[PDB]
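I have placed the structure first, in the form of structure tokens, so that the comments after it can refer back to it.
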2 protein chains.
Amino acid sequence: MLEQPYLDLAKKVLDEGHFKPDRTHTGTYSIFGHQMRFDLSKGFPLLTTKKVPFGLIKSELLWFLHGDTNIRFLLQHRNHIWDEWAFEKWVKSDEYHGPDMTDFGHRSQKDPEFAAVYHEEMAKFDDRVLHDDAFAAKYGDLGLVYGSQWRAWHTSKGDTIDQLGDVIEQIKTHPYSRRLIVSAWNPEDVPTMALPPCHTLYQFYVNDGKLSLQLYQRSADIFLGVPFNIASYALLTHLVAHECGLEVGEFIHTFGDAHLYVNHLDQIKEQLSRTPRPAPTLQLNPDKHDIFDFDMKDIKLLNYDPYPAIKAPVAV
Amino acid sequence: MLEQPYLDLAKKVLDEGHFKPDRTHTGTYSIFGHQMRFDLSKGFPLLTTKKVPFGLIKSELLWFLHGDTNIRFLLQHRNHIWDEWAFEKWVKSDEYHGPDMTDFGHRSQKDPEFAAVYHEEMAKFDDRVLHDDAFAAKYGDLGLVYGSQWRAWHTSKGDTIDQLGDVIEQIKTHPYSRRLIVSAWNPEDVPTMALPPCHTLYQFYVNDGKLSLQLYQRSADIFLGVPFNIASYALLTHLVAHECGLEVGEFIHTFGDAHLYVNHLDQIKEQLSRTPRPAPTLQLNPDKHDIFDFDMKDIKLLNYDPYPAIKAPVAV
Ligand SMILES: Nc1nc(=O)c2c([nH]1)N=C[C@@H]1CN(c3ccc(C(=O)N[C@@H](CCC(=O)O)C(=O)O)cc3)CN21
Ligand SMILES: Nc1nc(=O)c2c([nH]1)N=C[C@@H]1CN(c3ccc(C(=O)N[C@@H](CCC(=O)O)C(=O)O)cc3)CN21
Ligand SMILES: O=c1ccn([C@@H]2C[C@H](O)[C@@H](COP(=O)(O)O)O2)c(=O)[nH]1
Ligand SMILES: O=c1ccn([C@@H]2C[C@H](O)[C@@H](COP(=O)(O)O)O2)c(=O)[nH]1
């Protein structure tokens with residue numbers, strides 16, 4: 001079925017992956033190197049075995065394709081996947097000066113001073129960001145995220161180059177070139193970053209009709225993480241596709257450290273337990289055509305029914 | 001045998017690849033997306049079915065690992081793989097002022113004004129570069145090649161960062177991180193380049209012992225091109241490996257547009273015609289240890305016997 005490369009790669013981390021420490025000491029079963037393929041005209045690649053959210057992914061990528069680096073658009077839509085490095089700056093600031101938020105992050109689940117205070121301090125940081133039009137700019141604006149990596153990579157001699165703007169040109173004009181890449185690894189910025197980009201590079205292809213794309217995620221979390229990432233670039237591939245004029249072909253997901261978490265063992269065993277129901281259908285607003293102008297309403301999802309959702313505990 | 005992922009990928013471009021125009025209109029059988037694996041302790045990954053040259057690759061990578069961007073070291077060793085963009089600058093210069101070299105490049109094979117003149121003008125450009133210590137600097141010095149991409153990526157605010165220097169540190173100190181990348185795609189520089197890097201990104205891994213590496217070549221020529229590239233990074237992997245203290249594990253070669261040339265059809269049919277003799281053994285100078293100090297003599301090749309070499313006509 002369309003989603004069986006994810007399953008065949010989760011039962012491959014699980015019993016074939018070796019135990020890696022990793023950074024936040026909770027161990028992995030790593031493997032290094034995996035290409036999995038998805039042909040997108042059979043249907044759309046998110047999982048029917050385990051509920052994955054589609055308005056979140058939509059709003060997020062939609063957010064990355066405006067080059068917008070501000071959570072205030074994300075909050076407006078109801079997305080807060082990005083919240084915690086923002087707060088990492090707010091509660092480490094000069095203005096924070098209140099009720100201690102040090103390490104909020106994994107003192108949570110460990111209750112004590114942390115379950116309702118780190119959480120009261122979050123709706124306090126958000127709301128401020130949705131309204132104070134300056135609070136929004138000092139802390140809610142992330143600087144280096146995929147919208148600036150993507151559409152305003154800062155040059156060595158003083159300004160903004162929109163990569164994806166030009167690549168959507170080079171597909172529109174020179175379809176068949178082996179240079180159609182957008183890159184997120186910039187090393188000025190790598191040594192001093194929160195999380196360096198995890199979807200490091202990606203290259204489009206024009207088969208004859210049919211745009212394809214290959215990603216190089218460098219680091220991948222299986223169970224949590226890789227359901228999400230397979231769909232963002234299946235949407236990117238799907239959205240660039242509709243703007244060049246071309247049919248959709250296929251998305252290749254290539255990984256470096258693909259690893260399942262040691263929390264996520266039982267939950268991934270639970271998932272494999274089940275059968276793929278038929279892959280979902282996505283349609284796109286055909287009257288809009290410039291993709292960077294896509295209101296939310298313009299990307300759609302024709303019958304999706306997963307199972308059950310699943311709890312993995314708190315990643316990082 | 002160790003080299004069968006290259007064969008299984010040449011009979012896969014050939015009759016499974018589709019006809020791509022490409023840029024220099026001589027057509028391809030492209031495919032998009034291929035991971036092939038090489039475990040380097042079984043032996044070394046260059047081909048015994050078709051003579052591939054090892055002092056060229058050595059001298060070249062050795063050249064890239066000094067961050068040296070000057071052909072004058074390459075010539076000194078006897079390597080001229082790099083010559084033609086150099087001349088692309090010399091014969092397009094202000095100083096050229098002689099006997100017309102316009103398009104040397106594929107007016108060659110087409111004889112006429114071009115077989116001994118573009119070629120007399122090459123030994124004239126080289127020799128000058130080996131001796132005039134200034135000629136060497138105005139035209140023999142390439143600026144942007146893998147030694148500056150690798151070890152002096154120019155920053156956005158005024159200077160040189162040695163990527164590979166720091167990654168050999170981060171392996172030496174934090175072995176198990178999913179960030180061990182060196183990147184060659186810099187977009188300031190991409191729109192105005194001769195050939196943008198073809199081996200775009202690469203990431204190391206520390207399995208438990210055993211350094212591994214994954215490449216992302218973006219564009220790959222099969223028959224000519226991919227015998228060479230599989231060995232350069234099997235040497236890089238092999239050389240970084242000996243400096244961290246770690247055993248050698250495996251090299252993953254990942255491609256985007258892997259394509260066989262329409263010239264190279266009969267010659268690749270000819271190649272497949274034969275049987276793998278046993279994979280070669282490489283040893284390294286164990287008393288030297290800092291890799292950036294490796295004289296040529298320090299990397300070695302224990303029995304290699306290919307077949308026959310093969311002629312593919314003039315690529316580009
Ligand atoms: N450097 C970095 N790169 C990424 O791949 C990435 C990142 N961080 N983290 C923030 C964003 C948005 N992405 C994310 C991040 C987290 C989830 C997430 O929480 N999804 C889990 C479910 C977790 C749960 O059970 O609550 C999943 O199953 O995929 C999804 C997408 C990637 N992006
Ligand atoms: N942008 C770019 N990236 C590369 O992969 C690359 C490049 N150009 N071309 C120059 C260097 C050095 N490399 C090269 C270039 C050409 C040959 C070459 O001439 N080798 C052919 C044999 C050609 C013949 O039959 O004379 C082969 O079989 O591999 C080898 C390595 C890659 N490097
Ligand atoms: O939404 C995301 C965020 C992160 N990662 C991963 C996997 C690791 O848990 C995490 C950290 O790895 P490094 O920072 O060491 O690269 O990055 C994903 O797959 N998807
Ligand atoms: O030594 C090399 C040099 C180039 N290439 C390739 C394959 C193509 O023939 C060439 C040009 O592709 P683009 O410039 O369109 O990327 O790059 C290799 O595989 N190895």
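Values reported hereafter were calculated over all heavy atoms of this structure, with side chains retained and with hydrogens, waters and symmetry mates removed. In listed order, ligands and their atoms are each counted from 1. All chains are named by letter (A, B, ...) in the order of the sequence lines, taking the proteins before the strands, and each is independently numbered beginning at 1.
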Could you tell me whether the side chains of [X] and [Y] share a donor-acceptor contact shorter than 3.5 Å?
| X | Y | result |
| --- | --- | --- |
| B:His18 | A:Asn207 | yes |
| A:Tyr216 | B:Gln203 | yes |
| A:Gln271 | A:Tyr307 | no |
| A:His77 | A:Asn79 | no |
| A:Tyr176 | B:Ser30 | no |

- prompt: Any N or O of A:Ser177 that comes nearer than 3.5 Å to an N or O of ligand 4?
  reply: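 No, since none of the N or O atoms of A:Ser177 sits under 3.5 Å from an N or O of ligand 4.
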Under 4.0 Å, heavy atoms only, figure out whether ligand 2 is touched by the backbone of [X], its side chain, both or neither.
| X | result |
| --- | --- |
| B:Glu60 | side chain |
| B:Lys51 | neither |
| B:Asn229 | side chain |
| B:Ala315 | neither |
| B:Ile81 | side chain |

- request: Verify salt bridge (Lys or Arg N to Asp or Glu O under 4.0 Å) between B:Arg178 and A:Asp22, making sure each step is shown before the conclusion.
  value: CA-CA 8 Å; B:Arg178 313 167 290 223; A:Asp22 100 294; 3.5 Å; yes
Kindly identify the option in [options] whose heavy atom sits closest to [atom].
| atom | options | value |
| --- | --- | --- |
| atom 20 (N) of ligand 1 | A:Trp82, A:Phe64, A:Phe228 | A:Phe228 |
| atom 27 (C) of ligand 2 | B:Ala184, B:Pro227, B:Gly225 | B:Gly225 |
| atom 10 (C) of ligand 4 | B:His199, A:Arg178, A:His174 | A:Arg178 |

query: Which atoms of ligand 1 sit under 4.0 Å from any heavy atom of A:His199?
result: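 Counting atoms of ligand 1 from 1, those under 4.0 Å from A:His199 are 4 (C), 5 (O).
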message: If the cut-off is 4.0 Å to any non-hydrogen atom of A:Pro196, which atoms of ligand 1 fall inside it?
response: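 This gives 1 (N) as the contact atoms.
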- prompt: Does the side chain of A:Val226 come within less than 4.5 Å of A:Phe255's, by heavy atoms?
  reply: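 In contact.
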Can you find a protein heavy atom under 4.0 Å from [atom]?
| atom | result |
| --- | --- |
| atom 2 (C) of ligand 4 | no |
| atom 30 (C) of ligand 2 | yes |
| atom 11 (C) of ligand 1 | yes |
| atom 7 (C) of ligand 1 | no |

Enumerated ligand 4 atoms positioned under 4.0 Å from heavy atoms of [X]:
| X | result |
| --- | --- |
| B:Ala220 | 7 (C), 19 (O) |
| B:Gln217 | 18 (C), 19 (O) |
| B:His259 | 7 (C), 8 (C), 9 (O) |
| B:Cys198 | 4 (C), 5 (N), 6 (C), 17 (O) |
| B:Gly225 | 20 (N) |
| B:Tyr261 | 9 (O) |

Verify the ring-centre separation between [Y] and [X]: is it less than 6.0 angstrom?
| X | Y | answer |
| --- | --- | --- |
| B:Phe125 | B:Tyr118 | no |
| B:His119 | B:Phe104 | no |
| A:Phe87 | A:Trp82 | no |
| B:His66 | B:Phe73 | yes |
| B:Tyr233 | B:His199 | yes |

Looking only at protein heavy atoms, identify the closest one to [atom] and say how far it is in Å.
| atom | answer |
| --- | --- |
| atom 25 (O) of ligand 2 | B:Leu224 CD2, 3.3 Å |
| atom 3 (N) of ligand 2 | B:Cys198 CB, 3.2 Å |
| atom 11 (C) of ligand 4 | B:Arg23 NH1, 2.9 Å |

- request: Could you label the plane-to-plane angle of the B:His264 and B:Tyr261 rings as parallel, tilted or perpendicular, counting under 30° as parallel and over 60° as perpendicular?
  value: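 Correct class here is tilted.
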message: Students often mix this up, so state it plainly: with edges at 30° and 60°, are the rings of A:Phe251 and A:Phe38 parallel, tilted or perpendicular?
response: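 Parallel.
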query: Relative to ligand 4, is B:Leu195 under 4.0 angstrom through side chain, backbone, both or neither, heavy atoms considered?
result: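 The side chain, only.
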- prompt: At under 4.0 Å between heavy atoms, which part of B:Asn229 makes contact with ligand 4: side chain, backbone, both or neither?
  reply: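 Under 4.0 Å from ligand 4, B:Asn229 contributes side-chain atoms alone.
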message: Using the rule given for side-chain hydrogen bond (donor to acceptor under 3.5 Å, both in side chains), can you reason through B:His253 versus B:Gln35, listing the C-alpha separation, both sets of side-chain angles and the distance that settles it, and then say yes or no?
response: CA-CA 6 Å; B:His253 201 146; B:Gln35 198 142 52; over 6 Å; no
field: Geometric N/O contact B:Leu195 with ligand 2, under 3.5 angstrom
entry: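 Among all N and O atoms of B:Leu195, none is under 3.5 Å from an N or O of ligand 2.
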query: Taking distance alone, with no angle check, do A:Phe223 and ligand 1 share an N/O pair under 3.5 Å?
result: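 For ligand 1, there is an N or O atom that lies under 3.5 Å from one belonging to A:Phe223.
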Shortest non-hydrogen separation from B:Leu224 to B:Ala315 and the atoms involved: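 Reported closest heavy-atom pair: CD1-CB, 4.1 Å.
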query: Roughly how far apart are B:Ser219 OG and A:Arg179 CZ, rounded to 0.5 Å?
result: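 Result: 8.5 Å between the selected atoms.
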task: Give a yes/no verdict on whether any heavy atom in B:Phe228 is under 4.0 Å from an atom of ligand 4.
output: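 No.
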